[PDB]
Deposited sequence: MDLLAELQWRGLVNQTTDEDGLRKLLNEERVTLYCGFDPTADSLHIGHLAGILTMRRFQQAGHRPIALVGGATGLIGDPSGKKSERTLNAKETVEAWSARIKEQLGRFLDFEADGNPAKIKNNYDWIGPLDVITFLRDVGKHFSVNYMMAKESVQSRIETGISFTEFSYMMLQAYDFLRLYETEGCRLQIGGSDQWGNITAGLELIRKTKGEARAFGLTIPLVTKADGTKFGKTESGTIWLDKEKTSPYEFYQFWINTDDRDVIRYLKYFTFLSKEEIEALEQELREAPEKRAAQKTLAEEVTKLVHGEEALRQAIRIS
C-alpha cells in the first residue's frame, strides 16, 4: 500500500508477481520475506546494498526479514546476470566467506525488535545433507526442461554455453523458497533484477507442491552516462573497511554525478520524500555546493561504517 508505493516512488520495484495481491497482504499482515546472498568473495560490495537496504525498509514497516547466506548455492554458482560460466570455488573457501558475509549482513538489520527481529540463515543447513535421489525426485519432478530453458539466465547462455551444474542452480534457489515458506512462513522473496527467473521457479515449486507467495525484484542501478553502476577505476567498492576504507567509500559517493545523485538518494538512503525533493530543488538552484552529494556520502557511509568512520572520512577529506 504505502510501503509498496514508497518503493515505487524510490525506483526499487522492477517487477512483482502480483502487486495487488502483495499490497493487500503487506497491509494486512506481518510478512516474512527473504533475500539470498551468495559468497562469491570474502566481502559484500555495493552491488548488494539495494537488496540489503530494501530488506531494512521492509523491516522498518513492521515486516520480518530473513537474510540468507548462500553456503550451498555458492558451491554451484548462479548463471543469472553472468555472460560466462564461473569457476567453482572450494568448500573451504566458500565456508570461510560465508562467515564474513554473515557478519556484514547483520549490520543492516534489527535483531532486538520483538515481533519482527531478523534472522540470518545458511542454505547449507538444508542443501548440505540432501541426497541427489531425493533432490531429483522431490524437486526435479516438478520442472520440465522446457520451463527451465526459457529462463532468461539460461536462454541468455545456451549458445555461449552452460554446464548442467549452473543450469540446475534454479532448483536449489527454488527449494530455498519452499523450505523457508514451510519452516518460517516466508511469503515474499526479493532480489535484484536478474533473480526474476529463480524467484518465479520458487513460486512454481510452491504452487506445484502446495497449490499464496510473492516475488519482488529491484532494478539495476543506472547511470546517465550508460556505464555500469559500481564500475570504478579503483575496482570494486567493498563493504569491508579493510578492502575499501571509509574514506574511499565516502569519496565514491561524494563523486556521484549530478545526473545520478537524486536517483541514488532515493535508492540508498532513508531520507524522506520531502527531504529528497528539497535536495532536488537545492541541486537545481546551487549545484556547485554539492549538498545532494555530501548528504548521500554521509547517509550511506554511516549506514555501512558508522558515524566514527564517517567522521574520519570527513576529516581525512
Identify which parts of the deposited sequence carry no C-alpha coordinates, going from the N-terminal end onward.
-> 212-213
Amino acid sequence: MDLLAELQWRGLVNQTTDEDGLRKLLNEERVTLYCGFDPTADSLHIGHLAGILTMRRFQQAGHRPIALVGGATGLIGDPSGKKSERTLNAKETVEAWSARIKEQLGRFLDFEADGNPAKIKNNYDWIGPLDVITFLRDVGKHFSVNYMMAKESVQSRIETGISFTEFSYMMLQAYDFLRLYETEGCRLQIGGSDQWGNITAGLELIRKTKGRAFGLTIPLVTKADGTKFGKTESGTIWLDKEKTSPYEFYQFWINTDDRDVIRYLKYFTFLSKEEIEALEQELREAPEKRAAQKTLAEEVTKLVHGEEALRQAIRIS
From here on, numbers count along this sequence of modelled residues.
Between the two ranges 126-134 and 149-157, the one averaging a larger CA B factor in the entry | 149-157
Quick one: higher average CA temperature factor, 67-75 or 178-186?
-> 178-186
Which of these has the highest Cα B-factor in the record: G62, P287, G51, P39?
-> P287
Top Cα B-factor in this entry, restricted to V304, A309, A297, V13, sits on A309
Could you look up the Cα B-factor of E204 in the entry and say which third of the chain it sits in: lowest, middle or highest?
-> middle
Could you tell me which third, lowest, middle or highest, the C-alpha B-factor of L88 occupies within its chain?
-> highest
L172: CA B-factor among chain residues, third -> lowest
Taking the C-alpha B-factors as the PDB entry records them, is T217 in the lowest, middle or highest third of its chain?
-> lowest
Can you tell me which third, lowest, middle or highest, the CA B-factor of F111 falls into for its chain?
-> middle
